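Structure record follows, encoded as structure tokens.
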Amino acid sequence: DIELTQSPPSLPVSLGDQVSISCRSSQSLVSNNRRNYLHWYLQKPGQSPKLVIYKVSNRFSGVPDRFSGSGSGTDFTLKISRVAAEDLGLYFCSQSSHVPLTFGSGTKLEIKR
Amino acid sequence: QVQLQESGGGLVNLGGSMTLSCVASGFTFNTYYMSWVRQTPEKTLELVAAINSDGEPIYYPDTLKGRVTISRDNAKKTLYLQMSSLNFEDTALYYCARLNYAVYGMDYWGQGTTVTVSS
Ligand SMILES: C[C@]12CC[C@@H]3c4ccc(O[C@@H]5O[C@H](C(=O)O)[C@@H](O)[C@H](O)[C@H]5O)cc4CC[C@H]3[C@@H]1C[C@@H](O)[C@@H]2O
Ligand SMILES: [Zn+2]
Ligand SMILES: [Zn+2]
Ligand SMILES: [Zn+2]
């Protein structure tokens with residue numbers, strides 16, 4: 001199936017940092033009619049996954065302007081311009097371009113040492 | 001507000017069966033495609049099954065094929081998941097997630113219900 005490799009696995013941050021996390025697709029998301037159906041979820045600690053962005057760049061309902069997404073083909077990026085405590089948790093990318101719908105290896109956003 | 005509340009998890013012996021429920025509120029349940037996603041201890045997420053608003057399964061992983069059933073009760077605004085012959089690998093956090101037409105994917109997710117397979 002389509003493997004979604006997220007880099008880095010873990011990202012230590014300071015509040016107010018601007019970060020970019022990556023999602024690399026094992027196959028092109030532009031090979032069919034469903035071009036770059038690549039979404040991002042945030043699983044805050046002790047909470048359910050929440051939709052952040054879908055279809056690369058679309059901010060879901062309630063998602064602040066500090067979040068943005070880019071990419072086409074196989075390399076997608078999620079950028080957070082001023083990390084807040086509410087942004088910490090596990091970020092999973094997801095693809096619905098090819099059957100079946102798959103989930104990424106995750107990037108844990110956590111406070112730095 | 002869109003709400004999804006899963007239930008039915010607990011302890012199951014090796015080779016046992018589980019029946020999960022997910023009661024929906026804050027939206028017209030009957031017009032939405034629904035899914036079950038499990039999260040292993042490693043935090044890995046995997047789609048277990050998806051069903052159209054008509055009550056027709058639209059996806060099962062080849063591996064769970066034969067031991068899984070996804071159903072819905074539109075009138076009770078409830079989604080179900082049945083799994084048999086549980087093995088150690090079935091131990092997970094089971095989430096019900098709504099499917100969004102514009103996303104072509106999950107939008108809202110419940111709180112999950114834990115299934116712990118035992119020996
Ligand atoms: C899981 C899946 C990718 C996601 C696809 C999806 C995602 C959202 C969705 O939204 C639903 O869209 C319906 C429609 O298209 O009319 C609307 O009526 C509903 O309100 C809405 O819940 C419908 C569908 C249809 C089939 C799903 C695929 C089946 C698998 O093979 C594949 O891996
Ligand atoms: Zn694969
Ligand atoms: Zn794979
Ligand atoms: Zn196995």
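A note on names: the letters A, B, ... follow the listed sequences, proteins ahead of strands, and every chain is numbered from 1. For ligands, and for the atoms within them, numbers begin at 1 and follow the listed sequence.
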> For atom 12 (O) of ligand 1, what's the nearest protein heavy atom and its distance?
Replying inline: B/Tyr101 CD1, 3.5 Å
>> Tell me the nearest of B/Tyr104, B/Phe27, B/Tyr60 to atom 7 (C) of ligand 1, using heavy-atom distances.
In response: B/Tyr104
> Quick one: CG on B/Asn74 to CG on B/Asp54, what's the gap to the nearest 0.5 Å?
Replying inline: 8.0 Å
> atom 21 (C) of ligand 1: which protein heavy atom is closest, and how many Å away?
Replying inline: B/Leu99 O, 3.6 Å
> Can you tell me the protein heavy atom closest to atom 18 (O) of ligand 1 and the distance?
Replying inline: B/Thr31 O, 3.8 Å
> Charged N to carboxylate O below 4.0 Å: is that the case for A/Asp17 and A/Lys112?
Replying inline: no
>> For atom 8 (C) of ligand 1, what is the closest protein heavy atom, and at what distance to 0.1 Å?
In response: B/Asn100 O, 3.2 Å
> Do we see a donor-acceptor contact under 3.5 Å between the side chains of B/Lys43 and A/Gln43?
Replying inline: no
> Between B/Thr78 and B/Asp73, is any side-chain donor less than 3.5 angstrom from a side-chain acceptor?
Replying inline: no
>> Whether the B/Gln3 and B/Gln5 side chains hold a donor-acceptor pair (N or O, under 3.5 Å, no angle test) is what I'd like checked.
In response: no
> Less than 3.5 Å between some nitrogen or oxygen of A/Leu101 and one of ligand 1, yes or no?
Replying inline: yes
>> I want to check something: taking the side chain as every heavy atom from C-beta on, are B/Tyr33 and B/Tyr101 in contact at a cut-off of under 4.5 Å?
In response: no
> Hey, which atoms in ligand 1 end up nearer than 4.0 Å to a heavy atom of B/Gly105?
Replying inline: 7 (C), 8 (C)
> Closest N/O/S atom of B/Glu89 to the Zn ion (ligand 4), by atom name?
Replying inline: OE1
>> Salt bridge or not between B/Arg67 and B/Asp90? Use side-chain N to carboxylate O under 4.0 Å.
In response: yes
> If you measure from atom 24 (C) of ligand 1 to every heavy atom of B/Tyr32, B/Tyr59, B/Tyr33, which option wins on shortest distance?
Replying inline: B/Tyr33
>> Only N/O/S atoms count here: what is the atom of A/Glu3 closest to the Zn ion (ligand 3) called?
In response: OE1
>> Considering non-hydrogen atoms of the protein only, which is the closest contact for atom 27 (C) of ligand 1, and what is the distance?
In response: B/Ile58 CD1, 4.3 Å
>> For the Zn ion (ligand 3), give me the closest N/O/S atom belonging to A/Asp1, just the atom name.
In response: OD1
> Do B/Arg98 and B/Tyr108 have side-chain N/O donor and acceptor atoms under 3.5 Å apart?
Replying inline: no
>> Under 4.0 Å from a heavy atom of A/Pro100: which atoms of ligand 1 are those, numbered in the order shown and with their elements?
In response: 33 (O)
>> Return the closest protein heavy atom for atom 32 (C) of ligand 1 as residue, atom name and distance.
In response: A/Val99 CG2, 3.7 Å
>> Under a 4.0 Å threshold between the charged nitrogen and the carboxylate oxygen, would A/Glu86 count as salt-bridged to A/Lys50?
In response: no
